[PDB]
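The lines below spell out each chain.
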Number of protein chains: 6
Amino acid sequence: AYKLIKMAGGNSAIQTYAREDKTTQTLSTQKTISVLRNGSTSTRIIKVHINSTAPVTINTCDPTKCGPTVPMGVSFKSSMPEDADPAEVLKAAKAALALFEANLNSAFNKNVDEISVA
Amino acid sequence: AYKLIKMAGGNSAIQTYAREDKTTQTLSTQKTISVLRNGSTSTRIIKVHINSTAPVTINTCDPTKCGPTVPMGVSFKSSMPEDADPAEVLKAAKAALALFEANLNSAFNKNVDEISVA
Amino acid sequence: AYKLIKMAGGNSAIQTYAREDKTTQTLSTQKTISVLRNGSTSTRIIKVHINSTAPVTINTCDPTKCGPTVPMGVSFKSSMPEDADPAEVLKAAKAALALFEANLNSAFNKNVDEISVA
Amino acid sequence: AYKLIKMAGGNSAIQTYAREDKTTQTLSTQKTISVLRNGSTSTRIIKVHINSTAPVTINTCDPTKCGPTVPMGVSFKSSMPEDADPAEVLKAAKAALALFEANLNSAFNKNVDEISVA
Amino acid sequence: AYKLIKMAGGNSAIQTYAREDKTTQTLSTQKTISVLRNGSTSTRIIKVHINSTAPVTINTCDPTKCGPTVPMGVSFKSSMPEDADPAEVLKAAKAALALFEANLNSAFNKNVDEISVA
Amino acid sequence: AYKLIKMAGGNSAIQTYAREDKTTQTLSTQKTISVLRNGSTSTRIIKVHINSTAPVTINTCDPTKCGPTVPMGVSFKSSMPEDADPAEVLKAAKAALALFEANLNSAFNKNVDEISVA
């Protein structure tokens, strides 16, 4: 139960947030608009990028003597024509993620031959 | 209410599925392992990549839904050293996605100053 | 009966908005400052530029409204040295626009010999 | 409460007017027709240009000893396919202008994140 | 009593404001973050910069009564590592400012053997 | 409550003080005068600089528990022509400082659309 407050940042397109408790855990959201034209017609391509990271100490069996840290991260990206419906690709993506997020650190990729979407 | 069946493709430690009824909607899951060495210590880095896309007919002039197709896609990526705990990173990422999910196609950026979690 | 929301673009001291319901209709406002030096004296010149455009499907043969799109646009520009009074210039410009507004798309020029103001 | 009478001018496409009281304040309206053809089809592009200017003396704090003058100007331009409807781009442009015309000389561009159109 | 309205700036790191009555009187706020890497531990260093200026005109007698304009400004700067306590340096700075504030425009300075802090 | 005792400085333009309790916490006051020659009239420009710092130690875990020391500081600067009125730029700067003061050590910043001045 915490909240991520917006950080001072240089870019206007990117919003950066840090966790109130641990200002080492951060999150970043960015939106990009692109233009793709066929002949005379032109359509907008909206791209979203959300990145949540925190540092994690490399050495589990060490005495935690400020061992060099590696970023641990979870990222989300979205690219779609304006006013398209991501509802179904999101449902599918979330269903797939549910199979992995238990084993997101365990180097074990189960052979799944079909994924059921709710 | 549907299932993504593994497509008749060569498994490359990358598993690609297509939706049973709409085979235009696809989804791919891969896990890879890297080795990060800092001095004497070496640690394994688990990297998951899930992608869920469908083609979208460009909003066009015709009453019939006919036009060039642009891919729309939602992508989730995850990189962390082995046996780390991404629980809080995932929680924050999911809260942010909950905020931006309706606006994934909006072309307007909502300026929020804090993101409440858990 | 609608509002122009500022689009998710990088502010360049130029503000670009799109219409909320019809995001094809856009509008841009910029203000710039110049310095005009005549001999010893230097004065600041304020320059405003407002642009309001929408795409227009070319009048075509099909019953469906499908054809190449040409931009239609109305643009207002204003340049004056700082603290000047453009009240009367604006008044005359507005009277002229009132005369020509119905004929902005006419391909016929109305020959008027005087323009009444205020 | 004045009127702009037509001036003697050389061009037939451009109508030039001067204010009766001050023949130093002037106004000019021009209409141009262009042709844009796709394949066999061809369409007219009607362009209107209205320019209202007056000279203004540079030096505010001077004794008004015929200081060199700079033109202060307000301009309007219109470009659209024949028989298109500028009604909405005009409404938007006028709404935007209303925010600037108070501060048309004051070098201050307020950050506006949305413009409401009547 | 007045309000500092936010001006439209291209840079998102700096927020600029102008007084509603006098748009010549302005104020800028900027926060920036620096990383100080000591060994394998990086610490965050927060710098704040507030500036409040307005143009003052130096009247000099002249056949043509226009004199130059030079800004008068009050600036505040701050720099400290994250989660440090500025309470006491603020109190001391404010007491010194209290001594000098009356005489900011006066070119007088007297030896002060001690400054009493609240 | 404490007293800033005057330290013994070689330069007479700058007066330096140290807190009686902590001689590590210091404060400097300096006033300087500049001449701005416009034609045959020279005008006096008063600049004030107050600085209040103290050393803060960044604790980093290490086999040998000694971390580096970096200063935390609050700075005030002022510059204006003689006999000008800073009252309003001071009020505005103080209101902005009032907003940012709590968050001087926090690395958080939220968009503020206006600052209300007393």
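This deposited entry lists X-ray crystallography as its structure determination method and 3.2330 Å as its resolution.

## Considerations on the pattern of salt bridges
Residue and element names in this part refer to chain D. All chains considered together, the criterion is met by 33 salt bridges over all chains. A salt bridge links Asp21 to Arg19, with the nearest nitrogen and oxygen atoms 3.6 Å apart. By relative accessible area, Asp21 is classed as exposed at 53%.

## Examining the interface of chain C and chain D
Contacts between the two partners involve 76 residues from chain C, matched on the other side by 74 residues from chain D. Between chain C and chain D the total buried area reaches about 6500 Å² when both faces are included, carbon and sulfur atoms providing 61% of it. Of all residues in chain C, the largest losses of buried area upon contact with chain D belong to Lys31, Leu104 and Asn105 of chain C, amounting jointly to 10% of the total for that side. Linking chain C with chain D are six salt bridges, by the criterion used here. For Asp113 of chain D, the salt bridge identified is with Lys6 of chain C, shortest N-O distance 3.6 Å. At the junction of chain C and chain D, the tally comes to 36 residue pairs in polar contact. Mapped by element, the contributors of at least two residues to the side of chain C that touches chain D are β1 (2-6), β2 (14-19), β3 (26-38), β4 (41-57), β5 (69-81), α1 (87-100) and β6 (114-117) of chain C. The greatest single-element share of the side of chain C that touches chain D, amounting to twelve residues, is contributed by β5 of chain C. Taken together, the residues of the side of chain C that touches chain D sort by class into 40 nonpolar, 21 polar and 15 charged. Note: β5 of chain C against strand β5 (residues 69-81) of chain D, seven bridges, orientation antiparallel. The residue bridging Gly73 of chain C from the neighbouring strand is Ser79 of chain D, located in β5 of chain D.

## Some details on the relation of the copies chain C and chain D
Take chain C, turn it by 180°, move it 0.2 Å along the axis, and it overlays chain D with an RMSD of 1.2 Å. Taken together, the rotation angle and the small translation identify this as a two-fold axis. Considering only C-alpha atoms, the part of chain C nearest the rotation axis is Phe76 of chain C, at 2.3 Å. Interface overlap between copies: 96% of the residues of chain C at the interface are likewise at the interface in chain D, consistent with a symmetric, same-surface contact.

Quick notes on the rules
- Residues numbered from 1 in each chain as written, not as in the entry; some residues may be left out.
- Chains lettered and ligands numbered in written order.
- Part of a larger assembly, values for the part shown.
- Heavy atoms only, no water.
- Salt bridge = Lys/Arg side-chain N within 4 Å of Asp/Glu carboxyl O.
- Buried < 20%, exposed > 50% of the residue type's maximum accessible area, 1.4 Å probe, protein only.
- Contact = heavy atoms within 4.5 Å.
- Buried area = accessible area lost by both parts, 1.4 Å probe.
- Polar contact = N/O pair within 3.5 Å; in protein donor to acceptor, adjacent residues only side chain to side chain.
- Helix = DSSP H or I, 4+ residues; strand = E, 2+ residues; numbered from the N terminus.
- Nonpolar A, V, L, I, M, F, W, Y, C, P; charged D, E, K, R; others polar.
- Pairing = 2+ DSSP bridges.
- Least-squares fit on C-alpha atoms.

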